[PDB]
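K.L.:
Just dropping this structure here.
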Amino acid sequence: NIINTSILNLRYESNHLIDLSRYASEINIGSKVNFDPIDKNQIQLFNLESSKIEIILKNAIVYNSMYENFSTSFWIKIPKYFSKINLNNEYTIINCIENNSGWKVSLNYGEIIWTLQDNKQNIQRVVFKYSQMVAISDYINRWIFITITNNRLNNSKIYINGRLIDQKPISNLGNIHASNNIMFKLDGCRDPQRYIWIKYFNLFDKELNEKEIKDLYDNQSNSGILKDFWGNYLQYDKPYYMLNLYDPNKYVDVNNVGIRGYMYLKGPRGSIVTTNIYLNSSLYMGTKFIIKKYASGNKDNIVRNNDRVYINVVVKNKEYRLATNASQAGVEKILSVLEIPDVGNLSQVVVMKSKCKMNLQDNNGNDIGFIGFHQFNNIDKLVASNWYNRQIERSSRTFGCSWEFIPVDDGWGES
Ligand SMILES: [Cl-]
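With PDB author numbering applied, the sequence shown corresponds to residues 872 to 1225, 1234 to 1294, in that order.
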């Protein structure tokens, strides 16, 4: 009952951020903290003095020890670094240093850093490094799960998405006497535009093990809710650029609208670059998808596992309906986009599944198949194919039928 026994459990319930732990530490929120209205556990901190959260710890849990083990976890979503000003600029984001001793989380260009400091000028730093010179990044502007553990007799460890990345001995450190407060605030950042998103902060008064960490990752992933590429909840009525996970240098296009045209994967993507700062594939390419309410959605705008939907496709600034005639030859049913008034009795009902998958069905509820792609001669056409469904029934791996939904996001910054 690992979150339940945490010594600090910050969560947004009804109308307030609160510490749910038995300690009920005090929270002070600055004027310029922003909470996402879709999910107010998602907290945005700007490079402003009033964009801060302070936690006043109960005296019982202030860290002051040579020997006590402790850990912290949280999720973070860090916008792409765009500017030379971001190089060589380590900035604190979670501060628990007082009198030059304690702990802190800081960031730098392509880095997440944990620092410990004793009362005898000793220091230890574990670091996660990620590149901005990468076609498609797992990390830039995407939610990722951080976990840091500390065993005073041996090592400090940093985990990303449940996996151990770095470790260093901390037996070079004597007494660590951390602050009575924890300050969530960008401290020392030279770039006025910088911000972070954070969520689900916890402290623990032991060293978490690998298993506990993986289980926290899985539990906090919200697996009944589909996610977009950035890790935010997938929504209805929101345009998405599509990325097929088996061929990430292509985007979705449509040769011609109507039943005699088809959807296909076209490449290459272009690139976006700032010399010495980033070099990535362009994400805002192709014919956008919009998820439309059909049988689900009666409570909010969020797309959930097993929701039945329609998919609209934007072609030259007009919406069309993804559909197919399942009567066509062969298992692989080539997808088209149809004028919405003219879709008739074509197969168009999509069952969303949480990576994201889409199972096409006819109007009687029979499966046409998962949406993927199939090579016909020299073209990768989008299809619905029951071959995928039958491989899943046999517990066999399937390639080509998993998708990313990429909305425009300011933390990506592409035009
Ligand atoms: Cl795949």
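Here a beta-carbon is modelled for each residue, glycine too, at the ideal position from N, C-alpha and C.
Determine the direct distance from the alpha carbon of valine 904 to that of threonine 986, and round the result to whole angstroms.
P.N.:
If you draw a straight line from the Cα of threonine 986 to the Cα of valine 904, it comes to about 25 Å.
K.L.:
What residue from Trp1291, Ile1084 and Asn872 has the CA that sits closest to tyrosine 1149's CA?
P.N.:
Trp1291
K.L.:
Any chance you could list the residues with Cβ under 5 Å from a heavy atom of ligand 1, keeping chain order?
P.N.:
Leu1116, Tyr1117, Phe1278 and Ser1281
K.L.:
On the DSSP bridge assignment, give the partners of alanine 1194 in chain order.
P.N.:
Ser1207
K.L.:
Ends of the beta strand (DSSP E) at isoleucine 873?
P.N.:
Counting along the chain, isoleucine 873 falls outside any beta strand (DSSP E), and DSSP gives it neither H nor E.
K.L.:
Between which two residues does the beta strand (DSSP E) carrying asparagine 1115 extend?
P.N.:
Start and end: 1112-1115.
K.L.:
Report the residue from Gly1059, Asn1265, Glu1203 and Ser1218 whose alpha carbon sits nearest the alpha carbon of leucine 958.
P.N.:
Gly1059
K.L.:
In the DSSP output, which residue or residues are listed as bridge partners for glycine 1251?
P.N.:
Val1262
K.L.:
With a threshold of 8 Å on Cβ separation, who are the neighbours of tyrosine 934 within its own chain once the five nearest residues in sequence on each side are excluded?
P.N.:
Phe941, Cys967, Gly973, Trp974, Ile1047, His1048 and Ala1049
K.L.:
Pull up the distance between the alpha-carbon of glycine 1168 and that of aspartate 1178, whole angstroms please.
P.N.:
8 Å
K.L.:
Taking only runs of the beta strand (DSSP E) that begin and end inside the region 966-1038, which ones reach a length of at least 3 residues, in chain order?
P.N.:
972-979, 982-988, 994-1000, 1015-1021 and 1026-1031
K.L.:
On the premise that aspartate 1108 lies in contact with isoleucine 878, defined as a C-beta separation below 8 Å, what is that separation, rounded to the nearest angstrom?
P.N.:
The Cβ separation is near 41 Å, so there is no contact.
K.L.:
Measure the Cβ-Cβ separation of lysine 929 and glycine 901 and say whether it is below 9 Å.
P.N.:
no
K.L.:
Tell me which same chain residues have a C-beta within less than 6 Å of the C-beta of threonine 876, skipping the five on either side of it?
P.N.:
none
K.L.:
Where does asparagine 1090 land, buried or exposed, given buried means 16+ other C-beta within 10 angstroms?
P.N.:
The residue in question, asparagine 1090, is exposed, as its Cβ has fewer than 16 Cβ neighbours within 10 Å.
K.L.:
What are the start and end residues of each continuous alpha helix (DSSP H) run of 4 or more residues lying completely inside the region 1039-1119, in chain order?
P.N.:
1081-1091
K.L.:
Since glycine 1129 sits in a beta bridge, which residues does DSSP pair it with?
P.N.:
According to DSSP, residue pairing for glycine 1129 in a beta bridge involves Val1208.
K.L.:
Measuring alpha carbon to alpha carbon, tell me which residue in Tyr1066, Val1186, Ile1211 and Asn1216 is nearest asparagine 1196.
P.N.:
Cα-wise, what sits closest to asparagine 1196 is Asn1216.
K.L.:
Using a 10 Å radius around the Cβ and a threshold of 16 neighbouring Cβ atoms, would you call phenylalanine 1016 buried or exposed?
P.N.:
buried
K.L.:
Report yes if the CB atom of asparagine 1265 is closer than 9 Å to the CB atom of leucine 1057, and no otherwise.
P.N.:
no
K.L.:
Is the CB-CB distance between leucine 1105 and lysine 1098 below 9 Å?
P.N.:
yes
K.L.:
Run through the region 923-971 for me and flag every whole beta strand (DSSP E) of 3 or more residues, listed as ranges in chain order.
P.N.:
924-927, 941-948 and 962-969
K.L.:
Looking at the secondary structure, which residues open and close the beta strand (DSSP E) in which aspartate 890 lies?
P.N.:
First-last of the beta strand (DSSP E) with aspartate 890: 887-890.
K.L.:
Looking at the structure shown, is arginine 893 part of a helix, part of a strand, or coil, going by DSSP?
P.N.:
coil
K.L.:
Using 10 angstroms around the beta-carbon of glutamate 939, count the other beta-carbons present and answer buried if the total reaches 16, otherwise exposed.
P.N.:
exposed
K.L.:
Could you give the first and the last residue of the continuous beta strand (DSSP E) run that contains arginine 1179?
P.N.:
1179-1186
K.L.:
Less than 8 Å between the CB of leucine 879 and some heavy atom of ligand 2, yes or no?
P.N.:
Only ligand 1 can be found as ligands here, which leaves ligand 2 out of the picture.
K.L.:
Sorted by chain position, which residues of the same chain lie with C-beta nearer than 8 Å to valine 1202's C-beta, five sequence neighbours on each side aside?
P.N.:
Contacts found: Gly1248, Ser1264, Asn1265 and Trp1266.
K.L.:
Counting only the same chain and skipping the five closest in sequence on each side, list residues whose C-beta sits under 7 Å from that of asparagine 1022.
P.N.:
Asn940 and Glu1078
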